[PDB]
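*Asks:* Protein chains in written order, with PDB author numbering: chain B, 346 to 502; chain B', 346 to 502; chain A, 234 to 288. A prime marks a further copy of an entry chain.
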Amino acid sequence: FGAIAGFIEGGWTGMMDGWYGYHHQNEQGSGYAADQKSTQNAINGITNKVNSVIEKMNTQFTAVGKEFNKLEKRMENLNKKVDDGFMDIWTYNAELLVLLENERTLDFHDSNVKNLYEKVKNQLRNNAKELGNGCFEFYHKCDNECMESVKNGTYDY
Amino acid sequence: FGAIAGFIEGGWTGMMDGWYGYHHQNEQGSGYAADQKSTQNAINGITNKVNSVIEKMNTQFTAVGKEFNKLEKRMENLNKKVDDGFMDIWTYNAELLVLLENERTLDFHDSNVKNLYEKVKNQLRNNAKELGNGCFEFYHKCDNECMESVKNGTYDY
Amino acid sequence: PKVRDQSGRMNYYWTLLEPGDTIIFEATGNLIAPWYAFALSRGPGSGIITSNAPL
């Protein structure tokens, strides 16, 4: 979506604990919080994705080399053609797979924060001015006992 | 998303200058405007994408042909098998790559206009009726001095 | 033409005598006879590496 580097501009350096969460200014702790579910489901999914690009390639034992005498040039060239063929296929398919699935990975974070942002705006409703930056001015600036409960997504009226 | 050919139905023929922008009826110029950033970032990205499907294939010098005598039919067939093998791989991988990355390209425009539409609705707020067609009835029909500033996304209250 | 200062030549040959089989050498001359041979079991199948890296 347009969440990452769209209307949420830049990012925060202060989250040593996770990849996604919140920043609250109310009457107490000015720190950042991690969403241990919005995040621990992404790492469960990304490490799953790397481990399958790695480990879905089973490969047998293979000695690539072949030796031909001076009256076997045709075989030599047929063999070289086979090696060039694989090189061209794996080089092209790898370079593009890296290229494409990197964009698929950066979108994954857009779709994640956009849903986390929509996990509170589609929950708080008209109890805050919906600032376009990705931030909400609270009508009853919740203390640390309440703000830690919006993380779980739990409010009243 | 559902922006392209969803709630914005058809498209406009009157934009000789770019791919995305606006159409304003107020008190003056009834023309169309291009979003030189929403557009010049897409062309920076698409031409980047074509140029990498083209140029990520490096290929060496290769003479594909092989000639075999009448007591070398096995080699002849082994060679034909190698040529059929590559043909089958490149034919299948190309046809599908074209098929899939074309859909990835058409979505790119959905995600772009949906963010441009959300670049003004998430900015103008309740100063217009949000018509489902993808269009906004202005409360103080801005002149050409103001409308050209919503392009940059700049308002007041 | 001489090679290693020899105009003569020695052609070298080989075969893998299967277990239980017998090989027979018969010569009137010119035989470079075997003296030592090798008892081996072939592995799954590999190749030659040409290098100077130490083992």
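Built from N, CA and C at the ideal position, the CB exists for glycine as well.
When you compare only the Cα positions, how much space is there between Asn-263/A and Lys-426/B'?
*Replies:* If I take the Cα positions, the gap works out to 46 Å.
*Asks:* Please confirm if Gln-385/B' has its CB atom under 7 Å from at least one CB of chain B.
*Replies:* It does not; no Cβ of chain B falls within 7 Å.
*Asks:* Look at the Cβ atom of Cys-487/B, then the Cβ atom of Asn-371/B, and state whether they are nearer than 7 Å.
*Replies:* Against a cut-off of 7 Å, the Cβ pair of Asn-371/B and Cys-487/B comes out as a contact.
*Asks:* Output, in chain order, the set of chain A residues within a Cβ distance shorter than 9 Å of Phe-431/B.
*Replies:* Those do not exist, as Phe-431/B stays about 17 Å from chain A at its closest Cβ, beyond 9 Å.
*Asks:* Identify each residue in the region 367 to 400 of chain B' for which the Cβ-Cβ distance to at least one residue of chain B is less than 9 Å, and report them in chain order.
*Replies:* Here the close residues are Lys-394, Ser-397, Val-398.
*Asks:* Starting from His-454/B', follow the alpha helix (DSSP H) in both directions and report where the run begins and ends.
*Replies:* Where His-454/B' is concerned, the enclosing alpha helix (DSSP H) stretches over 418 to 469.
*Asks:* What does the alpha-carbon distance come out to for the pair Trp-435/B' and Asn-396/B'?
*Replies:* Approximately 18 Å between the Cα atoms of the pair.
*Asks:* Are there 16 or more other CB atoms within 10 angstroms of the CB of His-485/B, so buried, or fewer, so exposed?
*Replies:* Under this definition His-485/B is an exposed residue.
*Asks:* Run through DSSP, which three-state label would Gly-366/B get?
*Replies:* Looking at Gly-366/B - three-state DSSP - the assignment turns out to be strand.
*Asks:* Checking 7 Å against the spacing of the C-beta atoms, do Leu-461/B' and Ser-383/B' come in under that value?
*Replies:* For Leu-461/B' and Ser-383/B', yes; Cβs fall inside 7 Å.
*Asks:* Could you tell me whether the Cβ of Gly-410/B comes closer than 7 Å to any Cβ of chain A?
*Replies:* Closer than 7 Å to some Cβ of chain A, the Cβ of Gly-410/B qualifies, so yes.
*Asks:* Provide the residue span of the beta strand (DSSP E) that contains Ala-473/B, from first to last.
*Replies:* It spans 473 to 476 - the beta strand (DSSP E) in which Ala-473/B sits, taken as one unbroken run.
*Asks:* What are the boundary residues of the alpha helix (DSSP H) that includes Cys-491/B?
*Replies:* Start and end: 489 to 495.
*Asks:* Between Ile-349/B' and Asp-455/B', is the Cβ-Cβ spacing less than 7 Å?
*Replies:* Yes, the Cβ-Cβ distance between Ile-349/B' and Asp-455/B' is below 7 Å.
*Asks:* According to the neighbour-count rule (16 or more other Cβ atoms, all chains shown, within 10 Å of its Cβ), is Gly-359/B' buried or exposed?
*Replies:* So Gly-359/B' counts as exposed.
*Asks:* Here's the rule I'm using: 16 or more other beta-carbon atoms within 10 Å means buried, otherwise exposed. How should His-369/B be labelled?
*Replies:* Label assigned to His-369/B: buried.
*Asks:* What are the boundary residues of the beta strand (DSSP E) that includes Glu-482/B?
*Replies:* Here the beta strand (DSSP E) through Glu-482/B covers 480 to 483.
*Asks:* Where do the ends of the beta strand (DSSP E) carrying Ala-378/B' lie?
*Replies:* Start and end: 377 to 379.
*Asks:* Nearest-angstrom Cα distance between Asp-362/B and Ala-378/B?
*Replies:* Their backbone Cα atoms lie some 8 Å apart in a straight line.
*Asks:* Thinking C-beta only, is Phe-346/B' closer than 7 Å to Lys-459/B'?
*Replies:* Yes, the pair counts as a contact, with Cβ atoms nearer than the cut-off.
*Asks:* Using a Cβ-Cβ cut-off of less than 7 Å, give me the residues of the region 431 to 456 of chain B that come near chain A, in sequence order.
*Replies:* Residues: none.
*Asks:* Between the alpha carbons of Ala-439/B' and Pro-267/A, how many angstroms are there, rounded?
*Replies:* The alpha-carbon atoms of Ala-439/B' and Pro-267/A are separated by roughly 59 Å.
*Asks:* What number of angstroms, rounded off, separates the C-alpha of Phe-406/B' from the C-alpha of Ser-279/A?
*Replies:* Computed Cα separation, rounded: 29 Å.
*Asks:* How about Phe-431/B' and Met-420/B': are their beta carbons less than 7 Å apart?
*Replies:* Not closer than 7 Å, so no.
*Asks:* Taking the DSSP output, what are the residues bridged to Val-236/A?
*Replies:* According to DSSP, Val-236/A bridges with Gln-239/A.
*Asks:* Cβ atoms of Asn-489/B' and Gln-373/B': under 7 Å apart, would you say?
*Replies:* Yes, these two residues count as a Cβ contact at 7 Å.
*Asks:* What does a CB cutoff of less than 8 Å around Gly-477/B pick up in its chain, not counting 5 residues either side in sequence?
*Replies:* Closer than 8 Å at the Cβ level, and outside the excluded window around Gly-477/B, lie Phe-352.
*Asks:* Among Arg-242/A, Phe-258/A, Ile-281/A, which residue has its Cα nearest to the Cα of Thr-248/A?
*Replies:* Out of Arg-242/A, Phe-258/A, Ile-281/A, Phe-258/A has the C-alpha closest to the C-alpha of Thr-248/A.
*Asks:* At a CB-CB cut-off below 8 Å, which residues of chain A make contact with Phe-413/B?
*Replies:* Near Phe-413/B there are no residues of chain A at all, since even the closest Cβ is about 13 Å away, more than 8 Å.
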